[PDB]
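Undergrad: return a 3D structure for these sequence lines:
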Amino acid sequence: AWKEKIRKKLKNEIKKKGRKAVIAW
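TA: Residues are numbered from 1 along each chain as shown. The structure is reproduced below:
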């Protein structure tokens, strides 16, 4: 999916890391 459209980290960390664009900034 996408971390479930985003949410498999749990939150997906909220999204990744938050998109990891929130880490990938």
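
Undergrad: residues contacting residue 18?
TA: Applying CB atoms under 8 Å, 6 or more residues apart in numbering to residue 18 gives no contacts. Any C-beta I mention is one placed from the backbone N, CA and C, and that applies to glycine too.

Undergrad: that one: which element?
TA: Following DSSP states H and E, one finds residue 18 outside all helices and strands.

Undergrad: and it, how far is that from residue 2?
TA: From residue 18 across to residue 2, the span is 14 Å (CB to CB, to the nearest Å).

Undergrad: and residue 15, by the same measure?
TA: Between residue 15 and residue 2 the computed distance is 10 Å (CB to CB).

Undergrad: more neighbours: those two, which one.
TA: Shown here are residue 15 and residue 2; by other CB atoms under 10 Å, residue 15 has more neighbours (18 against 10).

Undergrad: regarding residue 4, what is its secondary structure?
TA: What DSSP: H, G, I helix; E, B strand; the rest coil gives for residue 4 is coil.

Undergrad: so it is in contact with residue 10, correct?
TA: No - with contact defined as CB atoms under 8 Å, residue 4 does not reach residue 10; the gap is 10.1 Å.

Undergrad: what residues sit buried inside stretch 5-17?
TA: 6, 12-13, 15-16 (16 or more other CB atoms under 10 Å).

Undergrad: chain center to it: distance?
TA: With CA atoms, centre = their mean, to the nearest Å as the basis, stretch 5-17 stands 3 Å off its chain's centre.

Undergrad: quick one: terminal-to-terminal distance for it?
TA: End-to-end distance for stretch 5-17, by CA to CA, to the nearest Å: 14 Å.

Undergrad: and if you look at stretch 11-24?
TA: OK, stretch 11-24 end separation, CA to CA: 17 Å.

Undergrad: give me the nearest residue to residue 6, chain neighbours excluded.
TA: Nearest non-adjacent residue to residue 6, counting by CB to CB, 6 or more residues apart in numbering: residue 12, 4.1 Å away.

Undergrad: contacting residues for that neighbour?
TA: 3-4, 6.

Undergrad: can you classify residue 23 as helix, strand or coil?
TA: coil.
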